[PDB]
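Visitor: Provided herewith is a single structure, encoded as structure tokens, for subsequent inquiry.
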Amino acid sequence: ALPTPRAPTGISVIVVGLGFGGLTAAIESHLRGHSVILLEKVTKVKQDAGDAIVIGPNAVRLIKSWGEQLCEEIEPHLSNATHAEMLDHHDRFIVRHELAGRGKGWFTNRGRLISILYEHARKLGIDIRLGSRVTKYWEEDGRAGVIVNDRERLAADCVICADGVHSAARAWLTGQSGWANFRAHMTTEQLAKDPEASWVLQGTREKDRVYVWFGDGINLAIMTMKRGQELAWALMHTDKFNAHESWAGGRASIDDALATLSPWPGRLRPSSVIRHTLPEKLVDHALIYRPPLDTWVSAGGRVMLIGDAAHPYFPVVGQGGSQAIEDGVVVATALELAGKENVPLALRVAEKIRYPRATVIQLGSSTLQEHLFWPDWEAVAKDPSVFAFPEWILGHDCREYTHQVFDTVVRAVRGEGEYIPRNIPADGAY
Ligand SMILES: Cc1cc2nc3c(=O)[nH]c(=O)nc-3n(C[C@H](O)[C@H](O)[C@H](O)COP(=O)(O)OP(=O)(O)OC[C@H]3O[C@@H](n4cnc5c(N)ncnc54)[C@H](O)[C@@H]3O)c2cc1C
């Protein structure tokens, strides 16, 4: 049984992006009685066997309330990995630690989860328009909208922008890193013949294995999949040097990834593994980071940013997509409770509920990023608990929390009172 949406709220919503924030906002809004159209520029969900992601329990509980079929749909795509073996740049063992969530989260592939959420949204009857490039955001009194493919104008009660780190909505709302990440996937047939690399296949038939190396401004993670028949890895590094007046296209070579690891005294075993990567299965994406914004909401109050467009994280917290999902849920829940004649209030309300929680984690990823690239090996040796992968994040329910505080936040925005955020730790630090 697919959940039947609530009574029509009379609220039309334009959602930009088919990522985690956009699909979340669209599905939750539809089920809460809103009239949803989702606009995405790509023609199909991109499928990459190496794009592995961790969805935390705080987002899994939200996704589960959209249909029980999803748990049985993503199950064969969930990794059975339990621990990550941390090592230094000398290739010396630090510690094994559990992955976060105590097994209540989802360690799976991105495109296969997005495809399931895309199909579930279609079964619900949500108007999803692919191949629809959004630009030229605009806003008036009572309505806001976008231009699709520079030919079609759409207008609605509000526009929720989840167009990622490369957000044109952000630039329109505001008017205003040096790191990169190798990403790769491979089969292990050729690697199994190499005795300098075959070590990575140990114990893989029983359970997926994870190895991570930290040190000297470099991070490397290797993950086995499918009983050791496949693996994926990610290498965070300083961005490749390009000339002043240089070709504006992208590039990715395994030799640069290997050269990045050359200064490591323990380079042998990691390099012996990744050197079997085929060139067609390797990318090198620059990582975007921007400090917290002054606001996620436009002046008129009917255009709002969520997800990476609002709060891009350094990928060391495993909460980017989950926080985008929390964004989409609270926004949709707030619209339902404020009503047609208070759409700007709802988005002002969702902002002050979400901004502290996403900003603590945002700044927390910036602090943890320095510690994991240039660690104090004395403190690590004294207490290895620092390196290794919080109930106030994973045990939280943004939905019921939004219901608790809605009136309190409404009175806080209007000025009747104050709002004490309790979706973050007291004296909030990550
Ligand atoms: C290396 C790395 C590892 C990560 N690991 C994790 C992890 O383990 N767990 C986790 O939770 N998060 C992780 N993240 C973060 C996670 O990838 C993002 O936070 C999440 O995708 C953000 O959701 P989103 O919906 O905002 O953005 P996106 O997923 O980026 O979605 C935006 C969508 O908008 C579309 N779009 C863009 N512009 C337009 C336009 N003009 N018109 C129409 N459509 C447009 C794009 O096609 C894209 O489909 C990681 C990030 C990185 C870089």
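In the structure tokens, chains take letters A, B, ... by order of appearance, with residues numbered from 1 within each chain and ligands from 1 in the order shown.
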Quick one: everything within 9 Å of residue 344 of chain A, counting only C-alpha atoms, minus sequence neighbours fewer than 6 positions away in the same chain. Send it as a PyMOL selection string.
Guide: chain A and resi 158+297+300-303+335+338
Visitor: Quick one: residues within 7 Å of segment 25-28 of chain A, only C-alpha atoms counted, chain neighbours fewer than 3 positions away excluded, as a short mmCIF file (atom, residue, chain, number, x, y, z; two decimals) with N, CA, C and O atoms, in the first residue's frame?
Guide:
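Listed below is the output, result-v3.cif:
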data_model
loop_
_atom_site.label_atom_id
_atom_site.label_comp_id
_atom_site.auth_asym_id
_atom_site.auth_seq_id
_atom_site.Cartn_x
_atom_site.Cartn_y
_atom_site.Cartn_z
N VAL A 15 10.07 22.57 -7.07
CA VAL A 15 11.28 22.00 -6.48
C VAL A 15 12.32 21.83 -7.57
O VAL A 15 12.04 21.23 -8.62
N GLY A 21 17.84 16.43 -1.47
CA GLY A 21 16.99 17.50 -0.98
C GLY A 21 15.73 17.67 -1.82
O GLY A 21 14.62 17.79 -1.29
N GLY A 22 15.89 17.67 -3.15
CA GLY A 22 14.75 17.90 -4.02
C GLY A 22 13.74 16.77 -3.98
O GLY A 22 12.54 17.01 -3.81
N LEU A 31 2.84 14.12 -0.17
CA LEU A 31 2.10 13.38 0.83
C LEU A 31 1.43 14.28 1.86
O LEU A 31 0.45 13.87 2.49
N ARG A 32 1.93 15.50 2.05
CA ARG A 32 1.34 16.45 2.97
C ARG A 32 0.29 17.34 2.31
O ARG A 32 -0.12 18.34 2.90
N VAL A 36 2.96 19.61 -6.29
CA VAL A 36 4.41 19.59 -6.50
C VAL A 36 4.73 19.39 -7.97
O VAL A 36 4.09 18.58 -8.66
N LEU A 38 8.64 18.90 -9.90
CA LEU A 38 10.08 18.82 -9.68
C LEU A 38 10.79 18.98 -11.02
O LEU A 38 10.45 18.30 -12.00
N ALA A 121 8.45 8.08 -6.33
CA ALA A 121 7.75 9.34 -6.54
C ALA A 121 6.82 9.27 -7.74
O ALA A 121 5.74 9.87 -7.73
N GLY A 328 14.35 19.02 3.39
CA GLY A 328 13.14 18.85 2.60
C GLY A 328 11.93 18.49 3.43
O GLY A 328 10.81 18.90 3.11
N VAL A 329 12.13 17.72 4.50
CA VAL A 329 11.00 17.30 5.34
C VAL A 329 10.46 18.49 6.13
O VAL A 329 9.24 18.73 6.15
N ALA A 332 8.59 21.02 3.96
CA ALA A 332 7.26 20.54 3.59
C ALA A 332 6.33 20.52 4.80
O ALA A 332 5.15 20.88 4.69
#
Visitor: Counting only C-alpha atoms and all ligand atoms, name the residues that have an atom within 7 Å of an atom of ligand 1; the answer should be given as a ChimeraX atom specification.
Guide: /A:16-22,39-42,52-55,132-135,162-168,181,287,306-309,312-313,315,318-322,324
Visitor: With only C-alpha atoms as the counted atoms, please give the residues lying no more than 12 Å from residue 46 of chain A, apart from itself and same-chain residues fewer than 4 positions off, as a ChimeraX atom specification.
Guide: /A:18-19,41-42,50-51,109-115,118
Visitor: Of the residues A:255, A:72, A:336, A:140, which is the one nearest to residue 35 of chain A, using only C-alpha atoms?
Guide: A:336
Visitor: Would you pick out the contacts of residue 203 of chain A at 10 Å or less, using only C-alpha atoms, so that residues sharing its chain but fewer than 6 positions from it are not included, and give the list as a list in words?
Guide: residues 209, 224, 227 and 228 of chain A
Visitor: Now that the selection is made, can you save its residues with C-alpha atoms as a PDB file, in the first residue's frame?
Guide:
ATOM      1  CA  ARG A 209      35.862  -4.348   4.215  1.00  0.00           C
ATOM      2  CA  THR A 224      35.309  -3.714  -1.056  1.00  0.00           C
ATOM      3  CA  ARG A 227      32.027 -10.559  -1.893  1.00  0.00           C
ATOM      4  CA  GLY A 228      35.285  -8.948  -3.001  1.00  0.00           C
TER       5      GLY A 228
END
Visitor: Which of segment 162-201 of chain A counts as strand (DSSP E or B) under DSSP, as number ranges by chain please?
Guide: A: 179-187
Visitor: Pull N, CA, C and O atoms from the residues just selected and write them as a PDB file, in the first residue's frame.
Guide:
ATOM      1  N   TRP A 179      40.733  21.955  -2.599  1.00  0.00           N
ATOM      2  CA  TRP A 179      40.748  20.514  -2.412  1.00  0.00           C
ATOM      3  C   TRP A 179      40.059  19.824  -3.583  1.00  0.00           C
ATOM      4  O   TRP A 179      39.231  20.411  -4.284  1.00  0.00           O
ATOM      5  N   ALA A 180      40.418  18.560  -3.785  1.00  0.00           N
ATOM      6  CA  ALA A 180      39.821  17.745  -4.833  1.00  0.00           C
ATOM      7  C   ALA A 180      39.696  16.322  -4.315  1.00  0.00           C
ATOM      8  O   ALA A 180      40.260  15.966  -3.278  1.00  0.00           O
ATOM      9  N   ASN A 181      38.953  15.502  -5.056  1.00  0.00           N
ATOM     10  CA  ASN A 181      38.659  14.139  -4.623  1.00  0.00           C
ATOM     11  C   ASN A 181      38.706  13.206  -5.824  1.00  0.00           C
ATOM     12  O   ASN A 181      37.834  13.270  -6.697  1.00  0.00           O
ATOM     13  N   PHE A 182      39.718  12.343  -5.869  1.00  0.00           N
ATOM     14  CA  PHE A 182      39.686  11.215  -6.790  1.00  0.00           C
ATOM     15  C   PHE A 182      38.590  10.246  -6.366  1.00  0.00           C
ATOM     16  O   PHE A 182      38.336  10.055  -5.174  1.00  0.00           O
ATOM     17  N   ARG A 183      37.936   9.633  -7.350  1.00  0.00           N
ATOM     18  CA  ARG A 183      36.843   8.703  -7.108  1.00  0.00           C
ATOM     19  C   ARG A 183      36.896   7.628  -8.181  1.00  0.00           C
ATOM     20  O   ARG A 183      36.981   7.949  -9.370  1.00  0.00           O
ATOM     21  N   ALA A 184      36.855   6.361  -7.772  1.00  0.00           N
ATOM     22  CA  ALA A 184      37.086   5.284  -8.722  1.00  0.00           C
ATOM     23  C   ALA A 184      36.374   4.012  -8.283  1.00  0.00           C
ATOM     24  O   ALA A 184      35.989   3.854  -7.121  1.00  0.00           O
ATOM     25  N   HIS A 185      36.215   3.108  -9.248  1.00  0.00           N
ATOM     26  CA  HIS A 185      35.600   1.805  -9.058  1.00  0.00           C
ATOM     27  C   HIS A 185      36.331   0.804  -9.943  1.00  0.00           C
ATOM     28  O   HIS A 185      36.904   1.174 -10.972  1.00  0.00           O
ATOM     29  N   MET A 186      36.319  -0.463  -9.538  1.00  0.00           N
ATOM     30  CA  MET A 186      37.074  -1.463 -10.279  1.00  0.00           C
ATOM     31  C   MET A 186      36.577  -2.856  -9.925  1.00  0.00           C
ATOM     32  O   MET A 186      35.973  -3.075  -8.871  1.00  0.00           O
ATOM     33  N   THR A 187      36.838  -3.793 -10.831  1.00  0.00           N
ATOM     34  CA  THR A 187      36.745  -5.215 -10.540  1.00  0.00           C
ATOM     35  C   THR A 187      38.106  -5.729 -10.084  1.00  0.00           C
ATOM     36  O   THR A 187      39.149  -5.157 -10.411  1.00  0.00           O
TER      37      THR A 187
END
Visitor: Which one of A:276, A:382, A:77, A:143 sits closest to residue 193 of chain A if you count only C-alpha atoms?
Guide: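 The shortest atom-to-atom distance to residue 193 of chain A comes from A:276.
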Visitor: For residue 126 of chain A, which residue among A:30, A:89, A:102, A:61 is the nearest when counting only C-alpha atoms?
Guide: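 Closest to residue 126 of chain A of all the choices is A:30.
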Visitor: Restricting the calculation to only C-alpha atoms, which member of A:377, A:213, A:241, A:401 is positioned closest to residue 96 of chain A?
Guide: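 Among A:377, A:213, A:241, A:401, it is A:213 that comes nearest to residue 96 of chain A.
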Visitor: Using only C-alpha atoms for the distances, tell me which of A:120, A:263, A:202, A:100 is nearest to residue 84 of chain A.
Guide: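 Counting only C-alpha atoms, the residue closest to residue 84 of chain A is A:100.
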Visitor: Please, which residues of segment 202-367 of chain A, numbered as in this document, come out alpha helix (DSSP H) from DSSP, as a PyMOL selection string?
Guide: chain A and resi 254-261+268-274+320-338+343-367
Visitor: Tell me which of A:379, A:278, A:259, A:360 sits closest to residue 427 of chain A, counting only C-alpha atoms.
Guide: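 Ranking A:379, A:278, A:259, A:360 by distance to residue 427 of chain A, first place goes to A:360.
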Visitor: In Å to one decimal, how far is atom CA of residue 291 of chain A from atom CA of residue 402 of chain A?
Guide: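 About the pair atom CA of residue 402 of chain A and atom CA of residue 291 of chain A: they are 25.1 Å apart.
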Visitor: Using only C-alpha atoms, determine which residues lie at most 12 Å from residue 425 of chain A, disregarding the query and same-chain residues fewer than 6 positions distant; provide the list as a compact mmCIF listing (two decimals) with C-alpha atoms, in the first residue's frame.
Guide:
# COMPACT_ATOMS: atom_id res chain seq x y z
CA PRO A 356 21.54 25.90 13.57
CA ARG A 357 21.53 22.13 13.07
CA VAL A 360 26.95 23.11 13.54
CA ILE A 361 27.54 20.08 11.31
CA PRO A 390 26.40 11.31 18.13
CA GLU A 391 22.89 10.46 19.34
CA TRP A 392 21.77 14.09 19.03
CA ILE A 393 22.23 13.69 15.26
CA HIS A 396 16.78 12.93 16.07
